[PDB]
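Only one chain is included here, represented as structure tokens and corresponding to the form deposited without the partner chain.
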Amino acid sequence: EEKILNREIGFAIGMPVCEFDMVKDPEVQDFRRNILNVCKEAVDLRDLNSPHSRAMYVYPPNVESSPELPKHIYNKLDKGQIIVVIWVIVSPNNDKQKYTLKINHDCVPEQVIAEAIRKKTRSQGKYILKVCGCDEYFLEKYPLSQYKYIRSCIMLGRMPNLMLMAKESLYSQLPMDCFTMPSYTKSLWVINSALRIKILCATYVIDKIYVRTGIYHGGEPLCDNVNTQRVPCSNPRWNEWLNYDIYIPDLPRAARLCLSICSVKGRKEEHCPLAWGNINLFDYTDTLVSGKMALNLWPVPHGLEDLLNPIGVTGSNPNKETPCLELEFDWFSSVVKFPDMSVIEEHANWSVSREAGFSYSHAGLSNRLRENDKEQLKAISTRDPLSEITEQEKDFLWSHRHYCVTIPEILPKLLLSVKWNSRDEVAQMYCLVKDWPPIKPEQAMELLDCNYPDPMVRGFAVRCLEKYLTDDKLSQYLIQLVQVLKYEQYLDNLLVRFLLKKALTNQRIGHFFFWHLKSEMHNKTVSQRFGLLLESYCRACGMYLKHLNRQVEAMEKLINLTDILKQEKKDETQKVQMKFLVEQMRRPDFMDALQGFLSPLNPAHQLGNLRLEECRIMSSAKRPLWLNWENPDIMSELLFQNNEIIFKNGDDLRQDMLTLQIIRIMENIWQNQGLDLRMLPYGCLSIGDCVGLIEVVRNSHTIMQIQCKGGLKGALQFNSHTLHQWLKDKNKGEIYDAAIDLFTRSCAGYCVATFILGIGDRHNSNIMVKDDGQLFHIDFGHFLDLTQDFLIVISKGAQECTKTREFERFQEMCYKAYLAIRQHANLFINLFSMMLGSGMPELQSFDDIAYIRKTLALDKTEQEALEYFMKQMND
């Protein structure tokens, strides 16, 4: 009953559910109970129009956000019409019969079905369309071309193959979801005292040692940092009150105490942080902290480059056998609470009245209290998220804060201009935020990074997402939204409720939401937040938990298998290693585990029997596994008969994930702007700590393999004409011009992309080509830091390739692609900035992201940046 569900949830998270019941923290227990309304709401949405609504949850329509087709996509159609193949399975022999239609691109699925019934009968509401080869359905009345599969077929010039299926055949396979509810003052503003914190002593701990402290709002100090006196190592007792230059009523809601135990060496003094810890000055119930408190510290993360870690996670280290700092806060003879919104609202009105009479009767000059000014506000509004905003500009923005509500896009600049250590300014900012006009999701996401910790600011950003973020765009930005959950002060927040609700009403989002959280469960700084979020997801996702457990079981077996191969049988032959794999595959636990589950790279792909004869232990770095499964779909032949995936144990696949996501976003920018630059963002998913899956691109070869004619030629005898000749043999005739054009467009896209992103390495073994001419890159080891062979293909064989008309057309493609991404720089700056909490070695500070500002030449004019890019291309 509930014991079965708790066992399944425990296996999915990799933690028994009873371990959450043992947690004494009232915030943990309140999260577990209070989040359940999000679960109830999602389940009710799924039962509204059951079984159609249940079918839409399990198989959501995979559509683009807009039915409007870019002019170059509409041109690929035949006078606005598409040719589709509709297949029917005629029982008993289960024969596949096809019916070819020529219909308007914007025909809804029921119109297509009716037209297929007409063509079939020439020799209605009881049927649905499915994509041949995978579990993707057309259950909603969107125009056919808006479905990503159809849109993808229009571009690429492939013919859509759809399968007609009885509506009842699908609805009968949807089991009944069993969501069951589980078994489980004074005001801050009347305290007229300055903030002081006592550092008592440290347990579980170079010349001397001290405690470095600071009051922060985000990564910004609200006052000067204050240190304790230096003491010899030993078990240091300080018993020292640290006094801060800030008054208790001026503490913002998101104010934090950031601590460090620092080391001093005498040589120039060398200071090093030994351990760190951050504390929210207010708890989840708005209570100001008081009395004695002990904090277990965390190890210093690699690449800290400062004595404190204000961006770091909040709360005590769960491992209690670590450096433990004892602190004491003042007790104001009562439980002190942050004021209600109505109290803050009254003070904001009284502040606007006081700071108006102060303007008239104040003898001094107050920089914080015309058409040239409106143009200066408009120019500041257009600066990128990493551009510096001076103290004079902050005074300018804050003084015109009411004019700012008319350029809603300026909100991030204005929020940075507020004096967060002044309750008079903050109360006024809350009122402006409360009625601020909504902004576009790509702009609201900026307000969810580490720079904006305020709950009202973050609440506004989430409300913009609830109103304007489509499920397509939510899927596209999922990795960032799951990462910014780490910046939230508390377990229960508006962002977590938005993401969970979305995950629980769209199973495609729920699948990736599960894996982005599960993959970080090894990280103790997020284990509890992500584990509690995972329990609430698993409790309400329905039958999909049974499928997720099968994916988890396959991945655990592959980690175990690859662990034995990398450790115990490392130097044994690939034949002897494959004999071990075939022996492990004869064991029932492994036979079940590595077969008959959905692909974690794309749950629409079923993975049937493991085809060991087509598998191999690769000789590449970290010895990955090349795996091959049968696609058990009734029409697998129309998509792919076998699914090939690389399972790698040892590489941090997060940088590859991020690069592949960015390439996808760049391609959408280009496609929407009428720039057909074909990219290949293949699937890559981090499954855990340096473990993951990579999608194998069918019909691909490295430049190295093409160049050495499969072993005959050696590097010393490498002709720069070989690549072009190989492409001509693979595409003879009219299909040759298409291959050269596809090669040109894809090569242009990758030249610009790798340039802007600063992708290193780049050689004949990490650059690949498909039979049809499509060029792509693999293995993006690092980021934020065009051979003669390609020019010969682009110029169709000419020796003076940099002088042909084809090279001028390729150059224009690159310039337009570069300018299109420069126009969307804030989005890319924001996507990188939101990842600053992952702990990726090549993305640790805003200085790393500033590399994009240089390649995009954001401090120049449009014509000055194009000339910079032309100089880089010519060099």
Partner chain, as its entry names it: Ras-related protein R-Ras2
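Residue numbers count along the first chain shown, from 1. The term rigid core refers to the maximal set of C-alpha atoms that superpose within 1.5 Å between the two forms.
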Check: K268 without coordinates in a third or more of other entries: yes
Other PDB entries, at least a third, lacking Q443: no
Length class of the unmodelled deposited segment, which would lie between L369 and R370: 4 to 9
Chain break class at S123/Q124 - deposited residues not modelled: 10 or more
Mean C-alpha temperature factor, higher of 808-816 and 52-60: 808-816
Of 723-731 and 684-692, the one with larger mean CA B-factor: 723-731
Which of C223, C258, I792, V131 ranks first by CA B-factor in the deposited coordinates: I792
Out of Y247, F514, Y171, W298, residue topping the C-alpha B-factor column of the entry: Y171
Where the record places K265 (Cα B-factor, split into thirds across the chain): highest
Among modelled residues of the same chain, the CA temperature factor third for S183: highest
Third of the chain's Cα B-factor distribution that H701 belongs to, per the entry: middle
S845 - Cα temperature factor, lowest/middle/highest third of chain: highest
Third of the chain's Cα B-factor distribution that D656 belongs to, per the entry: lowest
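One more form of this protein exists, namely the form deposited with the partner chain bound; it is left out here, but the text below deals with it.
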Contact flag, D95 vs the partner chain in the deposited bound form, heavy atom cut 4.5 Å: yes
Heavy atom of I703 within 4.5 Å of the partner chain in the deposited bound form: no
Contact label in the deposited bound form: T100 to the partner chain, heavy atom within 4.5 Å: yes
Touches the partner chain in the deposited bound form: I83 (any heavy atom, 4.5 Å): yes
Segment assignment from 441-449, 112-120, 188-196, 389-397: heavy atom within 4.5 Å of the partner chain in the deposited bound form: 112-120
2 Å-or-more CA mover between this form and the one not shown, where superposition uses the core and the choices are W436, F580, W726, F338: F580
Per-residue C-alpha change between this form and the one not shown, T802, threshold 2 Å, rigid core fit: yes
Core fit, then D589 C-alpha moves 2 Å or more between this form and the one not shown: yes
Direction of C-alpha distance change in the deposited bound form, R616 to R586 (at least 3 Å): closer
